[PDB]
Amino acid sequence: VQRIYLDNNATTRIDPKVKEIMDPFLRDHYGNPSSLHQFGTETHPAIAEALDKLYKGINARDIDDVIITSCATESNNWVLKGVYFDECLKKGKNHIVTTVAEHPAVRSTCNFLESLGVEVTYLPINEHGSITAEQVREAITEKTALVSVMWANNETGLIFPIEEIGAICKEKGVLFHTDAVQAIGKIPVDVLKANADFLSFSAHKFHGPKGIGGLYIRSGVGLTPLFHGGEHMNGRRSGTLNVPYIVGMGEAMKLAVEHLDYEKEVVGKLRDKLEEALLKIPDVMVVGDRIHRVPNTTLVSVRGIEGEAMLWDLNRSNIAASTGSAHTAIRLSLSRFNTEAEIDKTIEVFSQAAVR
């Protein structure tokens, strides 16, 4: 069998250099970074270079934290539950603004915050398929604790106006969090440009293992731990370090940014080649704006064919894709690993499956 992988917004294959760089921490360099003996101290240099690559990747500065969590889900839960006690209960600012595009755990966590009496404004998504920065302006009551807006949407591919929201946030003096999880590797990420207080990512969406992610925290800005115990990550997230994954995510991050041009030049081009052809066949439209999108994603609907049905069929010809809602549409999410071969084939296999 020869399968075609087109589900990268949902997870990605660990890069071989990533797989390789981790291996020695699964073999012989197994000690606890916290221990003082040689087995501990050995791990130090490689953790440090890993972390370096992480800050380097998002343009964090030496005085900021990028804390290693066990996934973006953890990161996001930690921001929202954190600013709840720090700013909603204690500073009394009982409002958080966010969007409806936000992945479940963000929405879901907010939901639970309402259950404890938080006022949460869930910004509606427009016909262009986006949010506009001006919308965010409109919703910041000065008793607002936090704005949270995803950097790009995992369905549409659609990049939101993050740098602008950073401004609005700076100006209005409110805390800014962006879930960047579908931006890393797809387009450049600059926390500095973003006036982000808080930024989230998950390793597995840029060719690292599943089971690790990060939260960037701006220097000075504070966030009551979601994992108390305070023994690791300057006390901000206790619990023993996942050395292998950290070292991996480091490399993953590094490589992800190095391929940033290739993502735009080649992967985006492969996305347009796929999207062109598909769009040509009868009553098949792309959901949302086609202009401000991460390079690798396209979300198509075929009038009359349920998306769940299209996916089932595609699976049978060994092509892996997912569903985004619009009823439901097909989510085709490329990586640096797809070639034109696989694209051509996909267009063939799509079309034939369509008419049936």
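Note that residue numbering follows the sequence shown and begins at 1.
- Coordinates for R293 are present in every one of the other compared entries of this protein that model residues on both sides of it, well short of the third needed to count it as often missing.
- In the comparison with other entries of the same protein, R303 is given coordinates in all of those covering both sides of it, so it never reaches the one-third threshold.
- Unmodelled residues of the deposited sequence between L51 and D52: none, the chain being continuous.
- Per the PDB record, of the two stretches 34 to 42 and 303 to 311, 303 to 311 carries the greater mean B-factor over its C-alpha atoms.
- Mean CA B-factor, 69 to 77 versus 167 to 175: the higher value falls on 167 to 175.
- For the set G208, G211, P124, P104, the PDB entry assigns the largest Cα B-factor to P124.
- For the set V83, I184, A277, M150, the PDB entry puts the maximum C-alpha B factor at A277.
- Split the chain's modelled residues into thirds by C-alpha temperature factor. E231 is in the middle one.
- Per-chain ranking of the deposited C-alpha B factor places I343 in the highest third.
- In this PDB entry, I47 carries a Cα temperature factor that places it within the lowest third of its chain's modelled residues.
- Among all modelled residues in this chain, the alpha-carbon of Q2 has a temperature factor (C-alpha) in the middle third.
- Sort the modelled residues of the chain by CA B factor and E142 lands in the highest third.
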